């Protein structure tokens, strides 16, 4: 059985930074360190940190005075940010700079009373955080997940409209939504294409090259990881059997039974060690040496705030 590895895969620059922020805060201030929501959507990373002293809460209300609070990589709304600022807490923002960039644009439209449309999945924290950047009652902030939502969307002034997108969306599906937006609101304004980050675009490009060669595709990532799910679905879209797994323990013999080529990749929030163990399980299941596919080079690094180095 041939084992192929997608390239790129795993840790993006935003995730690397976020983790380092929690780890450093713990080293600098000792336990406990409070984090609002899983720092990144990976159970191994979250469990690991929890074991080191990180305490993941749901509401800032649960955080004691004098404590250190960290915002997760997915970002937070202005209400959450203001609530933290009014509390006696030391706060560190692990929001990925690429999400913050979308935030600023939403805040802008808001200060211009112009309505904005967000392409994203309802319920996801990044969506709450981003839509949470809109305040102006005179304008409007709307969410659309598909062309249908677009077909039914009703706004106040389609002459002054703009759109933005979640950063971990499917490049292809997002393209369809955009097309619908432009046909329905010919005066709508947005980025040159979308707000999908380099990491997501690259990992999707990479999984596509992987699948056209592997019969089975294993995507290391947690169920609540948007970008990870995207990877698995794209693979399944191309006719390949794809599986979203948190670690080696999830692999089922039946899955790679008689498979001559299995592909492995990882979401932007999954550590490489998890992949390493996946290859090990696959090899103790028949697989041969792991062969990394040639891929797009990534050179972006986001440094931790000076205070936490």
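Positions refer to the first chain, counted from 1.
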Can you let me know which of the two, 232-240 or 152-160, has the higher average C-alpha B-factor in the entry? 152-160
Entry-level comparison of average CA B-factors, 201-209 and 130-138, reporting the higher stretch: 130-138
So if I compare the CA B-factors in the entry for 101, 81, 74, 108, which one is the largest? 108
Maximum C-alpha temperature factor, selected from 16, 23, 298, 294: 294
Binned into thirds over the chain's modelled residues, the C-alpha B-factor of residue 265 lands in the lowest
Where the record places residue 246 (Cα B-factor, split into thirds across the chain): middle
Rank-wise, by C-alpha B-factor, drop residue 146 into the lowest, middle or highest third of its chain. middle
Quick check on the deposited entry: does the C-alpha B-factor of residue 214 sit in the lowest, middle or highest third of its chain? highest
Determine, from the deposited record, the chain-internal third of the Cα B-factor for residue 93: lowest, middle or highest. middle
